[PDB]
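Trainee: Here it is: the structure, laid out below.
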Amino acid sequence: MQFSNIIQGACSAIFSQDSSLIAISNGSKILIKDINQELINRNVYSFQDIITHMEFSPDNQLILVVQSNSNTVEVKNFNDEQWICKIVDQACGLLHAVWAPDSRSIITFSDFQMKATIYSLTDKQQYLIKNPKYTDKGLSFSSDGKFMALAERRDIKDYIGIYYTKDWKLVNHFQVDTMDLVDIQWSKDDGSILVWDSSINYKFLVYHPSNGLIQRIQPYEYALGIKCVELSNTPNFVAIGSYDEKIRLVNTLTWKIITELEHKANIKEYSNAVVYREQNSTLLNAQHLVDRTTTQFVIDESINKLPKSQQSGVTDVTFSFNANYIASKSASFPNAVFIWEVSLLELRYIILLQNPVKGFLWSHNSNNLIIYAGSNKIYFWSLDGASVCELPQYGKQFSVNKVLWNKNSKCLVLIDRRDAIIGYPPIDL
Amino acid sequence: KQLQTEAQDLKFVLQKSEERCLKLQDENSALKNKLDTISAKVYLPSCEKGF
Amino acid sequence: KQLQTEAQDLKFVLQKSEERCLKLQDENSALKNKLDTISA
């Protein structure tokens with residue numbers, strides 16, 4: 001791993017769309033680093049405030065900063081320190097904000113689901129939102145970014161407002177047959193809006209943006225379901241992470257379930273199972289005084305049994321590059337990672353960790369699922385069997401409780417508390 | 001027999017919880033209406049006190 | 001087993017439903033305090 005000094009104060013971080021910049025957030029400041037030059041700063045912004053949200057615009061020109069109990073939204077140009085904008089329309093609150101892609105605007109969410117006034121950064125044009133249901137959740141953009149679907153609530157009913165993002169007009173409003181919208185996804189080819197209901201009904205409502213329902217992924221009425229969902233970047237396969245340790249993999253071409261991928265418990269019950277574990281070791285050669293007492297990611301096939309609320313449900317369903325694998329895991333396996341292999345539609349490369357898993361990231365253009373667990377180690381489901389990137393003494397105690405991974409999958413961002421490691425892992429590829 | 005009762009009827013209890021959340025959503029809608037209303041006359045001009 | 005499973009599936013949904021109600025309850029109290037703050 002090629003990397004810089006531990007960044008002090010890095011309470012959180014985000015990386016840019018083009019992966020060239022990393023924004024580090026300290027409680028009162030944002031530091032921007034150009035990773036390609038070196039992992040060094042280009043600029044720093046400070047605020048006499050508490051930053052709760054940080055976002056890069058998808059051109060990596062502006063940083064969106066949302067301040068806490070101050071209801072303040074600041075937008076600053078990295079490349080123009082003379083362009084400073086603030087949204088202080090505070091009587092209604094400025095509870096949150098997100099960037100609106102190429103519209104050069106901020107959707108700023110007022111409190112109490114009142115308004116999500118869109119504030120143009122070129123001309124304000126403050127169109128009202130008819131009682132937005134949420135801030136980030138429930139707000140999504142079409143694959144081409146032209147349409148936006150917002151979960152909204154009035155008439156105490158959930159419905160989706162479809163807005164044309166270029167003028168924010170409501171263009172395709174529709175009622176959804178939901179109990180309580182959780183989120184909204186768009187098809188990769190925008191031939192549908194995939195609507196994710198409350199976990200109570202286990203259902204997905206598939207609507208054509210122009211006509212209402214196309215299809216429904218059947219509810220079971222009385223069980224929790226649809227814990228999480230993701231779309232492949234291959235034509236479009238949606239993997240519905242249910243709450244019953246199953247993924248309903250669906251070909252969105254026909255909206256049919258390409259079986260159920262079940263986590264089970266018994267590794268031996270998957271016809272193609274391969275099981276690995278992180279295990280205690282000594283260091284790689286030629287290591288010296290750096291000490292030992294380390295671990296390595298190894299195969300250990302002998303292992304058969306793998307280790308309401310956050311129990312049972314699929315915690316993740318992430319598709320790999322070209323979606324041959326699904327990085328999943330269920331809440332029932334605090335210490336293990338499931339990798340589903342498709343086209344087999346069978347479980348393979350089951351990984352046990354030394355401690356409970358915190359999350360996963362597939363590398364773009366590859367696999368090598370990045371597995372992190374707050375251990376000062378990056379574990380990978382290396383395609384070539386196994387890999388562990390030990391983190392160094394810089395930050396010897398750094399846990400890595402959160403991980404970001406650049407789309408230009410060269411740069412890794414590891415976050416713990418007021419602390420970040422920015423680097424270039426075993427990425428020769 | 002009681003498990004048949006546990007099943008019979010929590011579909012109903014789910015329905016009663018739905019009535020309660022609707023009661024609350026309705027009250028919140030009324031309060032939201034009050035917020036929009038109060039804002040229309042209070043902040044439309046009082047926003048100037050602020051700014 | 002058949003019944004208990006359903007029964008759980010029902011309890012599982014009920015607790016999530018209750019949570020919807022609770023955020024609406026907390027909404028309701030915060031909404032009232034906002035209005036009072038505005039009037040005063």
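Note on naming: chains are A, B, ... as they come in the structure tokens, residues start from 1 per chain, ligands start from 1 in the order shown.
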Residues of chain B that approach chain A to 8 Å or less, counting only C-alpha atoms: could you list each one with the shortest pair of atoms and its distance in Å to one decimal, rows by chain and increasing residue number, as a Markdown table?
Mentor:
| residue | atom | partner | partner_atom | distance |
| --- | --- | --- | --- | --- |
| B:11 | CA | A:222 | CA | 7.4 |
| B:22 | CA | A:156 | CA | 7.1 |
| B:25 | CA | A:156 | CA | 5.9 |
| B:26 | CA | A:156 | CA | 6.4 |
| B:29 | CA | A:156 | CA | 7.1 |
| B:32 | CA | A:114 | CA | 7.1 |
| B:36 | CA | A:114 | CA | 7.7 |
| B:43 | CA | A:91 | CA | 7.2 |
| B:47 | CA | A:91 | CA | 7.2 |
Trainee: Set the cut-off to 6 Å and count only C-alpha atoms: what are the residues of chain B that reach chain C? Output as a VMD selection string.
Mentor: chain B and resid 6 to 7 14 21 28
Trainee: Go ahead and write the selection's residues with N, CA and C atoms as a compact mmCIF listing (two decimals), in the first residue's frame.
Mentor:
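And here's result.txt as it stands now:
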# COMPACT_ATOMS: atom_id res chain seq x y z
N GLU B 6 -51.93 -16.85 17.76
CA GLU B 6 -50.90 -15.86 17.58
C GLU B 6 -51.04 -15.40 16.13
N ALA B 7 -51.27 -16.33 15.22
CA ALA B 7 -51.49 -15.95 13.85
C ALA B 7 -52.81 -15.19 13.70
N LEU B 14 -51.83 -5.92 12.87
CA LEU B 14 -51.09 -5.11 11.91
C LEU B 14 -52.02 -4.06 11.36
N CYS B 21 -51.07 4.38 12.79
CA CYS B 21 -50.10 5.22 12.14
C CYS B 21 -50.82 6.19 11.26
N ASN B 28 -50.17 14.68 11.79
CA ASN B 28 -49.01 15.35 11.30
C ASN B 28 -49.37 16.13 10.08
Trainee: May I have the residues within 12 Å of residue 36 (chain C) as number ranges by chain, using only C-alpha atoms and disregarding those fewer than 5 positions away in the same chain?
Mentor: B: 31, 34-35, 38; C: 29-31
Trainee: Suppose we keep N, CA and C atoms; can you now write the selection as a PDB file, in the first residue's frame?
Mentor:
ATOM      1  N   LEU B  31     -50.746  19.295  11.302  1.00  0.00           N
ATOM      2  CA  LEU B  31     -49.718  20.165  11.831  1.00  0.00           C
ATOM      3  C   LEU B  31     -48.882  20.734  10.705  1.00  0.00           C
ATOM      4  N   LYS B  34     -50.682  23.453   9.376  1.00  0.00           N
ATOM      5  CA  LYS B  34     -50.507  24.611  10.213  1.00  0.00           C
ATOM      6  C   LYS B  34     -49.158  25.238   9.933  1.00  0.00           C
ATOM      7  N   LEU B  35     -48.108  24.437   9.736  1.00  0.00           N
ATOM      8  CA  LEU B  35     -46.810  25.018   9.443  1.00  0.00           C
ATOM      9  C   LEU B  35     -46.796  25.735   8.132  1.00  0.00           C
ATOM     10  N   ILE B  38     -48.970  28.944   8.747  1.00  0.00           N
ATOM     11  CA  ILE B  38     -48.390  29.917   9.612  1.00  0.00           C
ATOM     12  C   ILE B  38     -47.234  30.500   8.865  1.00  0.00           C
TER      13      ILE B  38
ATOM     14  N   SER C  29     -44.638  15.683  18.054  1.00  0.00           N
ATOM     15  CA  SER C  29     -44.231  16.551  19.141  1.00  0.00           C
ATOM     16  C   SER C  29     -43.303  17.659  18.646  1.00  0.00           C
ATOM     17  N   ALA C  30     -42.383  17.336  17.739  1.00  0.00           N
ATOM     18  CA  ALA C  30     -41.476  18.339  17.224  1.00  0.00           C
ATOM     19  C   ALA C  30     -42.229  19.363  16.406  1.00  0.00           C
ATOM     20  N   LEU C  31     -43.251  18.920  15.689  1.00  0.00           N
ATOM     21  CA  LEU C  31     -44.047  19.823  14.886  1.00  0.00           C
ATOM     22  C   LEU C  31     -44.746  20.812  15.777  1.00  0.00           C
TER      23      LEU C  31
END
Trainee: How many Å lie between CA of residue 15 (chain A) and CA of residue 339 (chain A), rounded to one decimal?
Mentor: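 We find that CA of residue 15 (chain A) and CA of residue 339 (chain A) lie 26.0 Å from each other.
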Trainee: With only C-alpha atoms as the counted atoms, please give the residues lying no more than 8 Å from residue 353 (chain A), apart from itself and same-chain residues fewer than 4 positions off, as a PyMOL selection string.
Mentor: chain A and resi 277-279+335-337+357
Trainee: As a compact mmCIF listing (two decimals) with N, CA and C atoms, in the first residue's frame, please: the residues near residue 412 (chain A) (cut-off 8 Å, only C-alpha atoms, same-chain neighbours under 2 positions excluded).
Mentor:
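result-v6.txt written:
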# COMPACT_ATOMS: atom_id res chain seq x y z
N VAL A 403 -15.13 2.08 4.89
CA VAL A 403 -14.24 2.12 3.76
C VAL A 403 -14.87 2.68 2.52
N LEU A 404 -14.13 3.52 1.83
CA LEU A 404 -14.59 3.99 0.55
C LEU A 404 -13.63 3.39 -0.44
N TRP A 405 -14.07 3.17 -1.65
CA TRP A 405 -13.15 2.69 -2.67
C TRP A 405 -13.46 3.33 -3.96
N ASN A 406 -12.46 3.99 -4.46
CA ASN A 406 -12.54 4.78 -5.63
C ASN A 406 -12.98 3.99 -6.84
N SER A 409 -10.37 2.47 -9.22
CA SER A 409 -10.09 1.58 -8.13
C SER A 409 -8.63 1.35 -7.92
N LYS A 410 -7.99 2.44 -7.55
CA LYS A 410 -6.61 2.53 -7.23
C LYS A 410 -6.54 3.05 -5.83
N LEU A 414 -9.75 4.75 4.16
CA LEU A 414 -10.13 4.03 5.34
C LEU A 414 -10.42 5.01 6.40
N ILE A 421 -6.92 6.95 6.60
CA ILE A 421 -5.78 6.45 5.86
C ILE A 421 -6.12 6.51 4.42
N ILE A 422 -5.32 7.23 3.68
CA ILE A 422 -5.60 7.32 2.29
C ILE A 422 -4.45 6.65 1.63
N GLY A 423 -4.72 5.72 0.74
CA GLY A 423 -3.63 5.01 0.09
C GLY A 423 -3.97 4.28 -1.20
N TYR A 424 -2.96 3.57 -1.67
CA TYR A 424 -2.91 2.78 -2.88
C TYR A 424 -2.47 1.35 -2.60
N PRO A 425 -3.39 0.45 -2.18
CA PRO A 425 -3.29 -0.95 -1.73
C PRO A 425 -2.54 -1.80 -2.75
Trainee: Under the rule that only C-alpha atoms are counted, which of A:22, A:127, A:71, A:308 is the nearest residue to chain C?
Mentor: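 Between A:22, A:127, A:71, A:308, the residue approaching chain C most closely is A:308.
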